[PDB]
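Quick heads-up: the structure tokens below are two forms of one chain, split into structure 1 and structure 2.
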Structure 1
């Protein structure tokens, strides 16, 4: 029993983290086989933050200008190139700790763990969601860029995020591992702001299922709803529309608890319209939306990784 914001074990990613330095600027890189991936704004100067000419800045760098360290060991750079907003530094040594891996582009509403790093060393690990507005609510300071987000499946690490930017109100933006930003953001110091965020309805439902599995059942009412009538209420409270695919993805939790998804929607409808009246669910006073249906099953069934 119990339900926690749970991150993936980070060891496989820890073995890939390195430090990349250009002049005064150090950030993190991801070392897979003989390539180090890092944000291209490592090549930025104190002056041209507002609109860096990245191609001109990279033209003027040589391999030797990139100082890459794995622990206390310098990795010699033998090639460099830029792919969208990431640099790829070819090094002369393949990373012997390289896990089985994939580069994936996740969808809004999906979750992943972040291994927050500084100077190529890990600070901590936490779970995040890709918000509907393509930000993440992370915890990042100066020097954290190049920290990555990831999922694990059996033995395979799917890298999905690399950290680049902090936006107004303290939320975060970054790229996939092909260097393409999530959302409309750019790697320059210019007026950007996130679009308004919305609540990830399918995740709130999954978390209500987790509550029922843990014996926290007070909010279940005796009613049902149609999918259309629920979505009319979701809309007023800034919740994402619930789709049939969402309903089908909730199948396993619905089957385990014996609660039809649309019956759970009726209970969520009542919570939205009426509030929680000072009560908590799974120890929370707000409805939580950063657990996917898959996260709930993994945590409540004890799925492991090798």
Structure 2
């Protein structure tokens, strides 16, 4: 029993973190085989950030301009290139701790663990979701750029941290250097757009609450997908698709509660509130557990 925000074990990722310095900037890099990946904005001075020509700025750098440190060992850079917004530094030593891995781009609503790092040293691990507005509500300070997000499916790397937006939420890229969301690595006015609640995840968490014995919000009613979606739109919740109904299938089978029966519970909670009650100890409807996160935690997958 119990239900917590749970991250994946981080050991396989810890052994990949290094420190990358270019000029006066120090941030984190990811060392896999003989390549170190980090944000390409490490090559910019503050003035370069206003209107950077990354191709020209990178042409002006030499391999020597990048200092890479793995613990107390200097790794010699022998080549440099960019892929989208990620800098790739070829080094003279392959990481002997490289795990089996893939680079995976995730979709909004999906969760991942973040290994927050500073000076190439792992500091902490927490769980996040990619919001519908393509930001993440992380916990990061100056020096955290290059920290990564991942799932274990093989380590699937899905996020590299690049910047904090004015509301204090975060923006970054996949490990192929493609930003999540309409954000750029240039100093210009950027902002998080209006966000919405991840409906399929709230339904997954209501299933977690039922598995854990919390059933007060169940009722005799059902709804249709059309009627439910009209309510979701009114309350700033993402539309529920038939694919979301199918992904909730395993949790619906384990509890015996049809997805449209659970939608009638969620419709009533949105229209009436909780009446002073809590669900899994929360007074808010939680949306950062996917259906797979609930199955992983309630079944003890290792």
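By rigid core we mean the largest C-alpha set that fits within 1.5 Å across both forms. Residue numbers count along the first chain shown, from 1.
- Of the residues listed here (62, 46, 280, 244), only one shifts its CA by 2 angstroms or more between structure 1 and structure 2 after fitting on the rigid core, and it is 46.
- Core fit done between structure 1 and structure 2; CA of residue 219 shifted by 0.8 Å.
- Relative displacement of the residue 189 Cα between structure 1 and structure 2 on rigid core alignment is 1.8 Å.
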